[PDB]
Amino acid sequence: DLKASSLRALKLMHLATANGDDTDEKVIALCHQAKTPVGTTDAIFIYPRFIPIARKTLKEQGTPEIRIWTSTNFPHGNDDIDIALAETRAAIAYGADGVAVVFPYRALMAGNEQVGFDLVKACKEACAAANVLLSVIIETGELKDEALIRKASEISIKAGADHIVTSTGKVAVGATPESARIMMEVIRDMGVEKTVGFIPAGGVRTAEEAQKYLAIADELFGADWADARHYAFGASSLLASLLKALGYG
């Protein structure tokens, strides 16, 4: 049922600006966009410095329930733990509800598993102390290989990831049905479905694509699993496609 899946996906969205560029004016507009004729998205996704203005805008339009996610170690996923941690502490201090840290995927590709564990764990500890969720972006489009995708997901989960996320949206290839299935299989195989969620991002553009991603979750975990705590869509123009499927625009 495409209309049913489309409303479900809309409510799970972490809404970002169309080209991933933020300005005050674009972030104010984003906040307004998150308030749709069929309900609100779960959150917005913006750079840290825009958190205060976004919080004010969300409150003033009467939607303070819409959460604010931001990013750290982003988008390049460098292997400097001190820098990633400093950025994560700043994100928390700005007022973020969740922080998406980029996994040091190049380090992993070079065979260094440990740095990814240490980096995620450090950021998780800061977030946990502040009641802020930590998601980990593994950049499946750059990892490419099934074994590497599984490994990055495994390490992130062991290190304390609250969600695992396919992509930054800053490289060409983002989520695919195949990479999403791999990552969800890791959640399943590790038995961490109660504590770890999944987020397809980068390139999820149509209602039909969104339906497919949710269908995989429904199959692996049952239809009730993919609530806001366990699922989100990292997307932008997807919103217009979802509204179109529902009979708006």
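Quick note: we count residues from 1 along the sequence shown, nothing fancier.
- Per the PDB record, of the two stretches 83-91 and 175-183, 175-183 carries the greater mean B-factor over its C-alpha atoms.
- Relative to its counterpart among 94-102 and 143-151, 143-151 has the higher mean temperature factor, C-alpha atoms as listed in the PDB entry.
- The residue among 27, 223, 68, 58 whose C-alpha carries the highest B-factor in the deposited model is 223.
- Out of 204, 43, 31, 199, the entry records its largest CA B-factor for 204.
- Residue 112: CA B factor in the highest third of modelled residues in this chain (values from the PDB entry).
- In the PDB entry, residue 129 places in the highest third of its chain by CA B-factor.
- The entry lists a Cα temperature factor for residue 214 that places it in the middle third of the chain's modelled residues.
- Per-chain ranking of the deposited C-alpha B factor places residue 64 in the middle third.
- The deposited CA B-factor of residue 10 belongs to the lowest third of values across its chain.
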